[PDB]
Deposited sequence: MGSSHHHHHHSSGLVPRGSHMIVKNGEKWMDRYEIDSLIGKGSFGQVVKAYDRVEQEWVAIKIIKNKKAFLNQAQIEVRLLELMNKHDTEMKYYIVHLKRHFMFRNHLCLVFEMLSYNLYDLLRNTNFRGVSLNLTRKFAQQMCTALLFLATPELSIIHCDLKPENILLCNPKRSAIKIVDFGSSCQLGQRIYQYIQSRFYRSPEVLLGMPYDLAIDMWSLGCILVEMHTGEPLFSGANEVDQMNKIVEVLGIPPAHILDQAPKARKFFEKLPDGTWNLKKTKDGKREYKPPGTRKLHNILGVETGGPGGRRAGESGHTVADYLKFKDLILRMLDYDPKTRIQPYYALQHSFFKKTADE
């Protein structure tokens, strides 16, 4: 009764898994911490709900994780490792390496004042390497759900991170789900109902990295129209050649007689298009977010200008010219 598996702390599965406790949850089902008695090690077991839509999503996840594990490259280690999968009490069970807390928990630890530019840079470099791996031709995987909750520290003391949750993922050219990406991290092409490729993940990364340094979401929309309005506050009206091709352009925008585009007024205010400058959100010249980094080492105007320049390349409206992972890794923000 119910789609979830019932789990009692202390119980043992197939004389092997000491279900320690419950460490996670989602629309997919539950994640449990269990000791693998046979392998003398902690594992995270993702227990998929007994519902066809979530079972179908998890079989795509198993297939893409096994595709990735076939690759001889050190880059694959920014992706969470699937150890095994089996059916148990009519639930699909995915056994993962045990990781530490997600990047939202890390922000909550700072009272949402943000982590340092130095740590932000370390997360940025690993995430760009993970996106480079996903962009390998034979993979061409779109994650489609990048958010701080889906980026996990390997260890609570170190900077090493891994991407989890390929449940909403697809490969280049697929259209499977009605709505994709977590709203705050959703690319303009997805809001506009346009075709989407690996560039949507780069957009999400841009939003994530600003949130990690400032402590608060760059674009916190309560709905799709509010999301697009928040993006326009910072980046201005999207290019006419994009909006001219966009199925949902008229959800947000209106074409003038002279051929130019403006915001549709809401059925009711926002800052004028492009007036909420990322320069001021980052506090490039005013001591960083809320002035809290003033004088601190690793928070110079020069460091901030490189960060801002890389972020604005990740948040390019045009998915064709948006910076790609290979080029992102060559940016002066990452220079030793």
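- Residues of the deposited sequence lacking C-alpha coordinates, counted from 1, fall in the stretches 1-16, 285-287, 356-359.
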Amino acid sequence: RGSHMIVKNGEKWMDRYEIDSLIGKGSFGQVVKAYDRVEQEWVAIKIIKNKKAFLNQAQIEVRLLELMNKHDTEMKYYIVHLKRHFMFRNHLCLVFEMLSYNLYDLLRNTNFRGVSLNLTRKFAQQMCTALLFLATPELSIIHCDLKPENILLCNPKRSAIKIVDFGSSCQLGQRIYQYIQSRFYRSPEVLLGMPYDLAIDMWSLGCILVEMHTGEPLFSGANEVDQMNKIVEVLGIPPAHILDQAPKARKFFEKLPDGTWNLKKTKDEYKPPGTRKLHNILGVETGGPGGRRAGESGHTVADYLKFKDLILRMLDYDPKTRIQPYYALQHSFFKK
From here on, numbers count along this sequence of modelled residues.
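Between two forms, the rigid core is defined as the largest C-alpha subset superposing within 1.5 Å.
- After a core fit, the C-alpha atoms in 9 other deposited structures of this protein lie farther on average from the shown form in one of 287-295 and 66-74, namely 66-74.
- Larger root-mean-square CA separation from the shown form, computed after a rigid core fit of the structures in 9 other deposited structures of this protein, is seen for 13-21 when 13-21 is set against 308-316.
- Modelled in this chain, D268 is nonetheless absent from a third or more of the other compared entries whose models extend past it on both sides.
- Between 321-329 and 13-21, the higher mean Cα B-factor belongs to 13-21.
- With 78-86 and 120-128 compared on mean CA B-factor from the PDB entry, the stretch scoring higher is 78-86.
- Which of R293, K70, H279, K46 has the largest Cα B-factor in the deposited entry comes down to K70.
- The entry assigns its greatest Cα B factor, within the set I161, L256, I180, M212, to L256.
- When the CA B factors of the chain's modelled residues are split into thirds, the value for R186 lands in the lowest one.
- Remark: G26 belongs to the highest third of its chain, ranked by C-alpha B-factor as recorded.
- Per-chain ranking of the deposited C-alpha B factor places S220 in the lowest third.
- Sort the modelled residues of the chain by CA B factor and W261 lands in the highest third.
- Looking at the C-alpha B-factors along this chain, the one for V38 belongs to the highest third.
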